[PDB]
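Protein chains in written order, with the deposited numbering: chain A, 5 to 182; chain B, 5 to 182; chain C, 5 to 182; chain D, 5 to 182.
In this text, a Cβ means the ideal position worked out from N, Cα and C, and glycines have one as well.
Right, one structure below, let's go through it.
Number of protein chains: 4
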Amino acid sequence: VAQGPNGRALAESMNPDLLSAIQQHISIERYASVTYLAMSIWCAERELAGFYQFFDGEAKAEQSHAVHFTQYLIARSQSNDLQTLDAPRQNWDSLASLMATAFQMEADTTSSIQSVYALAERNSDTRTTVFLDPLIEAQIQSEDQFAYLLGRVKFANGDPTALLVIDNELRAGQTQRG
Amino acid sequence: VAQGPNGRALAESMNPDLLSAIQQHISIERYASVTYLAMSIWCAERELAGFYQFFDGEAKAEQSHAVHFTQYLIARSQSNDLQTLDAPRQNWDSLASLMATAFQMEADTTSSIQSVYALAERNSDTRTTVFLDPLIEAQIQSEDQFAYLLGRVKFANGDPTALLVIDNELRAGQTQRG
Amino acid sequence: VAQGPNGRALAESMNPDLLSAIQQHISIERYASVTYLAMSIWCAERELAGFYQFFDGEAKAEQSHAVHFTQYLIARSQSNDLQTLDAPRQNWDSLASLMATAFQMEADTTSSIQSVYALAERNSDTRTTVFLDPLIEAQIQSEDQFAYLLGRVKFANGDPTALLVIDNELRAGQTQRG
Amino acid sequence: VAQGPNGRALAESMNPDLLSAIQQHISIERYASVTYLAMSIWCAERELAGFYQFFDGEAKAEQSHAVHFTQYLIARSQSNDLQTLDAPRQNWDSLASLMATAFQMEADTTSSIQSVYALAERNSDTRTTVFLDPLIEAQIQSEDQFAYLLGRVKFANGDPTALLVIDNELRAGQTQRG
Ligand SMILES: [Cl-]
Ligand SMILES: [Cl-]
Ligand SMILES: [Cl-]
Ligand SMILES: [Cl-]
Ligand SMILES: [Fe+3]
Ligand SMILES: [Fe+3]
Ligand SMILES: [Fe+3]
Ligand SMILES: [Fe+3]
Ligand SMILES: [Fe+3]
Ligand SMILES: [Fe+3]
Ligand SMILES: [Fe+3]
Ligand SMILES: [Fe+3]
Ligand SMILES: [Fe+3]
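Pasting the structure below:
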């Protein structure tokens, strides 16, 4: 039995380019987390309490995704390398602009997973594609959700009254098309 | 005991013009179904989640009506003839315009039933008028409901804020005058 | 943030050939639905009440699959295009012949999904392959089930007594090997 | 306030031809009852216990229908005239032949109601057509049921094994397509 790079028994070696890609993706998840924390704060500063609660929960979710990836590297007997984390964006001129950045962040998180996925397929790493499959499925739902929130905010067309109604929807947990 | 056109024992023969009219009406119910599916999609594309859920349920209801009619033909020992189904309308410039088409569809579904009803009376087919009576009663309630939804949307006068409020009413199941 | 063809925020563009393939597959699901409705009617006309109830439920299931696909296109910000629906086959000389057509319909539904799947892989659309994966899994179970029902009916070898026994199995919900 | 023919206060006079038709129809219901009693006995004599129980219940149901009509005449302040009741048919060469007579009896019961209905319409007696409407609706279901039982017995094609299976269905209360 061979020992993997993190010292555990090694079921199958991993290509170092794929390992690097996964470690980089963990940073993307962590960056999504702190971005949604920053967005939660921006909403709280403007008394948009429902948006604040929504993004507070999304920040915790993205962090859980990052940890989920660290556990996969442990399971593959690969080293983790937790990286320096950039400061998030923190300023937006409107809720519509913030929601566009949020949608972009969600789509970019998926693109990162897709990049890892393609590298795994190039290396015939079926453990990794199987690991990522349900995460891509979750991303489809999150992209649908963030498209819904962005589209509903854009529909409001900057009217504070409509934004208050949507804010109350989010406080109630009405965050998807259903 | 005589055998009817579908091969079952025949309680009473049916005029072929009435049979044709019922088969055509089943197509109307099926077309109402796919129309409401198309409307559900149009609303979902615009984040009108309550309208989407409402029309999704109406599509399933209209399909159940179609099946209910197929069961009546079975009960009368008459042949069913499931027909080619036209594509629905799929594009509207506004929710008010979509709701006008929906009301029209509901009224036209009733007109079709009325046409079958008159033909049954001309043929003294009291089984068929009795079968249709509760369906007309249901249509009165559906016309009242669709007049309510259309009128409430028109009252909004294209204001997104008001349309969001109504959308949330529909998500909550508040779809009638009560 | 770019807007997709249906107007929603676009997470990732979709190849138009893949979009066309998905829209066509939705028609296949809808056609499976109306085919099973026709089969339910054929069984009801011959007092095969258990087969009638089984196919009535399968018709509703296939319709739900079609809607599930329309929701995926909404989620991908792609246009839906609900198509004209052919009339189903409606005449069979025996239950064994009907069950052969049903098995074929189920296998052909899978082949359609496989065709979409291959096109998605050619376009590196991992959202779509992930979306389809559980549907293929469900198809394996449905093919196994329909092979079971067809094989059990063929075993009966046209004996009405055996077909009545199987009919009662289906009425009871005993529709699979277990 | 005028007194009707049975001595009660009279809400609206009834045409004597319509009264005679209703009194005659009550005899039809009573004759259906004793016919199903005779059929129950024929089945019991051949150990067809499920058919015996089914027809025993149908005999009681038809009697309840007769009483329901006597109550309507009381409500209309009209005289009842309970008539001599013919002996039922009591001999059949096969269960299939008995079931054909049963279906005929059910259809003939509906034809009698239809005859009363047409006479009421000729006399603009809307109380009577309203009274009969739900009874015709029930007749549609009973005709569908008796077509189902007859068709299932004919499918058995005289095989005792199949007839025993159907007999057990009826004992269990499985008497309709569902
Ligand atoms: Cl805004
Ligand atoms: Cl509008
Ligand atoms: Cl067969
Ligand atoms: Cl027989
Ligand atoms: Fe994530
Ligand atoms: Fe995310
Ligand atoms: Fe309808
Ligand atoms: Fe309708
Ligand atoms: Fe009525
Ligand atoms: Fe399907
Ligand atoms: Fe299927
Ligand atoms: Fe009766
Ligand atoms: Fe009866």
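message: Below 6 Å, is the gap between the Cβ of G162 of chain A and the nearest heavy atom of ligand 1?
response: Yes, Cβ of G162 of chain A sits closer than 6 Å to a heavy atom of ligand 1.
Discussion item. Taking the alpha helix (DSSP H) that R175 of chain C belongs to, which residues open and close that run?
Written reply: Its alpha helix (DSSP H) spans residues 164-175.
### Query
For a contact meaning CB atoms closer than 8 Å, what does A79 of chain C contact in chain A?
In chain order: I144, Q145, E147, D148, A151.
What I want to know is whether the C-beta of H69 of chain C ends up closer than 6 Å to one or more non-hydrogen atoms of ligand 10. True, at least one ligand heavy atom lies under 6 Å from that Cβ.
Practice problem: State yes or no: is the C-beta of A91 of chain B nearer than 6 Å to some heavy atom of ligand 4? | Solution: Checking every heavy atom of ligand 4 against the Cβ of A91 of chain B, none is found closer than 6 Å.
message: Quick check: what's the CA-CA separation for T39 of chain B versus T74 of chain C?
response: Approximately 14 Å between the Cα atoms of the pair.
(Q) Can you give me the C-alpha to C-alpha distance between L153 of chain B and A65 of chain C, rounded to a whole angstrom? (A) Cα to Cα, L153 of chain B sits roughly 29 Å from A65 of chain C.
- Item | Cβ-based neighbour list, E125 of chain D, same chain, cut-off 8 Å, excluding 5 preceding and 5 following | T133.
Taking the alpha-carbon of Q149 of chain A as reference, which of A:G8, A:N172, A:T179 has the nearest alpha-carbon?
Checked all of A:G8, A:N172, A:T179; the closest Cα to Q149 of chain A is A:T179.
May I have the straight-line CA-CA distance separating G8 of chain C from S24 of chain A, to the nearest angstrom?
-> In a straight line, the C-alpha of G8 of chain C is about 32 Å away from that of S24 of chain A.
Can you say whether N84 of chain C is buried or exposed, counting buried as having 16 or more other CB atoms within 10 angstroms of its CB?
Buried: at least 16 other Cβ atoms inside 10 Å.
Taking 6 Å as the cut-off, is the CB of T179 of chain B close to at least one heavy atom of ligand 7? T179 of chain B: no, Cβ never under 6 Å from ligand 7.
Distance CB(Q143 of chain C)-CB(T114 of chain C) smaller than 7 Å: Yes, the pair counts as a contact, with Cβ atoms nearer than the cut-off.
Thinking C-alpha only, which one of C:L168, C:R80, C:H29, C:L139 is nearest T88 of chain C? Between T88 of chain C and the set C:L168, C:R80, C:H29, C:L139, the nearest pair of CA atoms involves C:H29.
ask   = At a Cβ threshold of 7 Å, is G162 of chain D touching chain C?
value = Taking a beta-carbon distance threshold of 7 Å, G162 of chain D does not count as an interface residue toward chain C.
Look at the alpha carbon of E62 of chain D and the alpha carbon of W96 of chain C, and state the distance between them as a whole number of angstroms.
Approximately 35 Å between the Cα atoms of the pair.
Whole angstroms is fine: what's the gap from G155 of chain D's alpha carbon to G182 of chain D's?
One C-alpha to the other measures close to 15 Å.
**Prompt:** So what's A13 of chain C in DSSP terms, helix, strand or just coil?
**Reply:** Here DSSP, grouped into helix, strand and coil, assigns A13 of chain C to strand.
Task: Nearest-residue set for ligand 6, Cβ under 6 Å from any heavy atom - done: The chain-ordered list of residues whose CB is nearer than 6 Å to some heavy atom of ligand 6 reads A:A36, A:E66, A:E110, A:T113, A:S146.
### Query
If we ignore side chains and look at the alpha-carbon of each, how far apart do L168 of chain C and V157 of chain C end up?
For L168 of chain C and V157 of chain C, the gap between their C-alpha atoms comes out near 10 Å.
Do you know how far the Cα of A166 of chain D is from the Cα of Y56 of chain D?
Distance between the alpha carbons of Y56 of chain D and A166 of chain D is about 17 Å.
query: Nearest chain C C-beta to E66 of chain B closer than 7 Å, yes or no?
result: So no, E66 of chain B is outside the interface.
**Prompt:** Should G54 of chain D go down as buried or exposed, given a rule of 16 or more other Cβ atoms within 10 Å for buried?
**Reply:** Burial call: buried.
**Message:** So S101 of chain B and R12 of chain B are supposed to be a Cβ contact under 8 Å. How far apart are they, rounded?
**Reply:** Not quite, the Cβ-Cβ distance comes to about 46 Å (not below 8 Å), so this is no contact.
Margin query: Between A:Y121, A:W46, A:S31, A:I140, which has its C-alpha nearest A111 of chain A's C-alpha?
Written below: Nearest Cα to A111 of chain A within the set A:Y121, A:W46, A:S31, A:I140: A:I140.
From the DSSP output, read off the bridge partner residues of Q180 of chain B.
BP columns for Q180 of chain B are empty, so no partner.
Contacts of residue 184 of chain A in chain C (Cβ-Cβ under 8 Å) | Not covered by the structure: residue 184 of chain A. The range shown for chain A is 5 to 182.
Would you kindly work out how many angstroms separate the C-alpha atoms of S98 of chain B and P164 of chain B, rounded to a whole number?
-> Going from the Cα of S98 of chain B to the Cα of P164 of chain B covers about 11 Å.
_Any C-beta of chain A within less than 8 Å: which residues of the region 120-135 of chain C qualify?_
Listed by position along the chain: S128, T130, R131, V134, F135.
- Quick one, are the C-beta atoms of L14 of chain B and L123 of chain B less than 7 Å apart? No. Outside cutoff.
Could you tell me whether any non-hydrogen atom of ligand 3 is closer than 6 Å to the CB of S116 of chain D?
Because no heavy atom of ligand 3 lies under 6 Å away, the Cβ of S116 of chain D does not count as near it: no.
| To the nearest whole angstrom, what separates the beta carbons of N10 of chain D and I78 of chain D, a pair I think is in contact under 8 Å? | Confirmed, Cβ separation roughly 7 Å.
| query | For chain C, is any of its Cβ atoms less than 7 Å away from the one on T114 of chain B? | reply | Closer than 7 Å to the CB of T114 of chain B there is not a single CB belonging to chain C.
Is there at least one Cβ from chain C nearer than 7 Å to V157 of chain D's Cβ?
Under the 7 Å criterion on CB atoms, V157 of chain D is classed as non-interfacial with respect to chain C.
Whether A70 of chain B touches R34 of chain B by CB criterion (7 Å):
Closer than 7 Å, so yes.
Which chain C residues sit within Cβ distance under 8 Å of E173 of chain D? Those are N172, listed as they occur along chain C.
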